[PDB]
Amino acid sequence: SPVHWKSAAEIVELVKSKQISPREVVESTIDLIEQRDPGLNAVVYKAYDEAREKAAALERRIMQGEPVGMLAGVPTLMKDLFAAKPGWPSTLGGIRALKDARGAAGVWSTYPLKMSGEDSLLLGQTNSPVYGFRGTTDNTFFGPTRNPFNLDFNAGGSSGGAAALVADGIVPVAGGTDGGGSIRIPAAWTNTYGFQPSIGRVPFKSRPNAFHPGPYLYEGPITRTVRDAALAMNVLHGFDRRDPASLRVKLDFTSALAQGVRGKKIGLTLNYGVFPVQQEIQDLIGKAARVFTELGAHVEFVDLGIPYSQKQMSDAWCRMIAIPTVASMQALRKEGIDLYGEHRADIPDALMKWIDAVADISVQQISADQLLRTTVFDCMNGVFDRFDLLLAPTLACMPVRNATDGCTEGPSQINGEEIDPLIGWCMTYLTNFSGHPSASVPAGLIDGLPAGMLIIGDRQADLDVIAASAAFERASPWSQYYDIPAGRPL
């Protein structure tokens, strides 16, 4: 393949130097999708002709020496979860009743808008669970997205299709979204790098309600290298007055790649003091943390002092996500697509539980969840009063086997302790409460399957996260593990 396993940085250079045409990037990427995605089931919409049209125009500009963007020719796909791209479908993660929906003119979600703006070529959309409402990717319309490291296992979610394509070498970057961890969750299970930016760093368009009661929501890249994520972040970040958290600051994410972590004070937790975490994952993260001590950082265990139980926190997260989910369902019903009645079967029972639970949620309950969130935020802040970075395992458990009923979920217990199977083991959700930037870095394999370590920075310290990530990438590479998917039978 001229493009399998190439980085975005490599493709940009190949295209800019006229070694390969944008047309050939598109056809070769299509070949990889057609050849390799049947097992993975990561792609849910193919926009091949659009990509061909865009490639022809990009090729003409390159040949005539007209201006081209900073990701010119890099192939990518966006995520099918509140997707907005004019003329494209949006099924909210595999809701069959929405299969005929198409995006209205002039309405865009951030990843397709900004990536295409800098001449990345959008090839289609990737699979998500229904309404994003779990850390696995499966639904009853498209089915499960499978792990390139072992197709009997799930890629994770909700951005599972994004991570699976990147982990299988098919595109160098894919768009994820994250309300409880979903840029980072599937990255951790697929040996890819998932970057969740600070709140306000990348615009997020929530309409009709910009002041919704949910957790912080983010769009961001999943890549195989930290450099590619920095390149994507240079495109994705930036002021937009229509996002009421937007930061009016310009950064160069690539400037942090060579910075190192010498002298940094790093806090370490294996379970945030409140989650049950598989011992093998704890051990792997203890080892990974020591990579930083060899690079001149000082690492020590910290106690966040979170006074809520992990069930209390996951229940609050579910209610916070459920409120705008109910608003979506109510609006769709008004528009003639009724997911409460006629098309009830399209919603998982576990999700309908929360849908019903918040239908008449009291202001007292809303307030209690807000107090919980504040407490978690302040526990994070207590760490960053004294430390430059916090390390933790991204997730409390290893990948799960795919179900056969379209409802793959996580474990309901870890170490004998009950845990919410949709999101409870996704320890990432703490930064959707708190707003801190974080990235999942591949920490190694356990019994042949990937596990991630989360690097968290202080509020707005995205470049510190990039610097630590790149330092770890140099000292403890994970690229060799791609040999597993690279050699899998097709």
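When you see a residue number, it is the position in the sequence shown, counting from 1.
Chemist: Return whichever of 312-320 and 100-108 has the greater mean Cα B factor according to the PDB record.
Modeler: According to the entry, 100-108 carries the higher average C-alpha B-factor.
Chemist: Could you check the entry and say whether 186-194 or 324-332 has the higher mean CA B-factor?
Modeler: According to the entry, 324-332 carries the higher average C-alpha B-factor.
Chemist: From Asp228, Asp378, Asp243, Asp405, can you pick the one with the highest C-alpha B factor in the entry?
Modeler: Highest C-alpha B-factor among the listed residues goes to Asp405.
Chemist: Select one of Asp178, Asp283, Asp119, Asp369: the residue whose C-alpha shows the highest B-factor in the crystal structure entry.
Modeler: Answer for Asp178, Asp283, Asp119, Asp369: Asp283, with the highest C-alpha B-factor.
Chemist: Where does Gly143 sit by CA temperature factor within its chain: lowest, middle or highest third?
Modeler: As the PDB entry reports it, the C-alpha B-factor of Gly143 lands in the middle third of its chain.
Chemist: When the deposited Cα B-factors of this chain's modelled residues are ordered and cut into thirds, is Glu50 in the lowest, the middle or the highest one?
Modeler: Tercile = middle for this residue's CA B-factor.
Chemist: Within this chain, which third does the Cα B-factor at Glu219 fall in: lowest, middle or highest?
Modeler: It belongs to the lowest third of the chain when residues are ordered by C-alpha B-factor.
Chemist: Compare the C-alpha B factor of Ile20 with those of the other modelled residues in its chain, then answer lowest, middle or highest third.
Modeler: CA B-factor rank for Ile20: highest third.
Chemist: Based on the entry's values, in what third of the chain does the Cα temperature factor of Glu27 lie: lowest, middle or highest?
Modeler: CA B-factor rank for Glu27: middle third.
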